[PDB]
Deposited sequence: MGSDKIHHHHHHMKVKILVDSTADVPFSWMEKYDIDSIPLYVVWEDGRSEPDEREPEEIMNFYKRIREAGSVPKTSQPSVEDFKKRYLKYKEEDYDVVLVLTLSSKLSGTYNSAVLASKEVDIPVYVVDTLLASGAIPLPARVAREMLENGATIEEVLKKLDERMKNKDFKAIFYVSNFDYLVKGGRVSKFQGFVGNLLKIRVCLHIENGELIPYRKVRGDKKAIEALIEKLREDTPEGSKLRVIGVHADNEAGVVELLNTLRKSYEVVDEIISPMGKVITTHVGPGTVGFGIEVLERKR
């Protein structure tokens, strides 16, 4: 039994994991005020170009999910490449119709497609994808994978925690009060598939502390973690966050992933966060 794993571009999947865990990325779309559209392709150069253009732009674009057809075409491509099963992990059904499209597309094809509503977004989504791969590489059934993801998600073993410096992007995006102050950072997490601002602080150092204190609300210091650090063109930022994370957690694996066009569009450049997988709570 051979299984393809598909995430959407809002998963901000690390480049190397695509080949390494056989995970593909399906683009969502970015639509600028003038009617120009671009896809969110997981390619380092394209993501970099976009960073340059959005820092510069006169406007902030909007985003749309992939169509049912975009999903159908991928599913069928996997079929003709002799996969037996497609496993799809999408961002929260509460943030996007991506899950809806993916599910509708599954009804128009022969090949069994299992669609999982992760109730997450960005660097948290690949964490359950990796785990699905590892347990398929150890002989598990699809049924066994889906049951385990559900248990772990319901234990809140996958978390998404981040800060932005300019809240207006999220507000324009529609998925989330906070006003304006010099050096403000707004801290958010995802809880039950929704975006929740939980703290306003000033400057990176306090913001970093706030993210880690939120994690600490249900995961004691010294727990075993795996982590994807995410950033919208702010490498130094995510690097400090990860360093600070190590002072109080056993990080058994980490990698950095730049946030794609869609996530960036909503969070704004400068953003820093992490997707966290708890392996073992102390």
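Asker: Deposited sequence versus model: which ranges have no CA atoms?
Answerer: Since the structure holds only modelled residues, the stretches it omits are 1-12, 189-193, 300.
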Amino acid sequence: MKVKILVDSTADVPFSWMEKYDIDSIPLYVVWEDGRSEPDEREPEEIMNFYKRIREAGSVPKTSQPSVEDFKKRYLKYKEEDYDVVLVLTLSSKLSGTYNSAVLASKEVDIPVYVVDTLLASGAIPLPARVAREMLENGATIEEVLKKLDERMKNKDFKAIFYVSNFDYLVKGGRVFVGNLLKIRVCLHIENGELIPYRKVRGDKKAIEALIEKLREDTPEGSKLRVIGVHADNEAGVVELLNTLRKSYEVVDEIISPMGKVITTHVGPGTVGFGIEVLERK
From here on, numbers count along this sequence of modelled residues.
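Asker: 178-186 versus 72-80: which one carries the higher mean Cα B factor per the record?
Answerer: Mean C-alpha B-factor is greater for 178-186.
Asker: Have a look at 160, 210, 195, 113 and flag the one whose Cα has the highest B-factor in the entry.
Answerer: Each of 160, 210, 195, 113 was compared by C-alpha B-factor; the highest is 195.
Asker: Quick check for you: using the entry's CA B-factors within this chain, is residue 200 in the lowest, middle or highest third?
Answerer: Middle third.
Asker: By the recorded C-alpha temperature factor, relative to the other modelled residues in its chain, which third is residue 34 in?
Answerer: Answer is highest: the recorded C-alpha B-factor places it there.
Asker: If you rank every modelled residue in this chain by C-alpha B factor, which third holds residue 237: lowest, middle or highest?
Answerer: For residue 237, whose C-alpha B-factor we compare with every modelled residue in the chain, the answer is the middle third.
Asker: Taking the values exactly as deposited, rank residue 9 by C-alpha B-factor within its chain and report the matching third: lowest, middle or highest.
Answerer: Its C-alpha B-factor belongs to the highest third of this chain's values.
Asker: Per the entry's values, where does residue 63 land by CA temperature factor relative to the rest of its chain, in the lowest, middle or highest third?
Answerer: As the PDB entry reports it, the C-alpha B-factor of residue 63 lands in the highest third of its chain.
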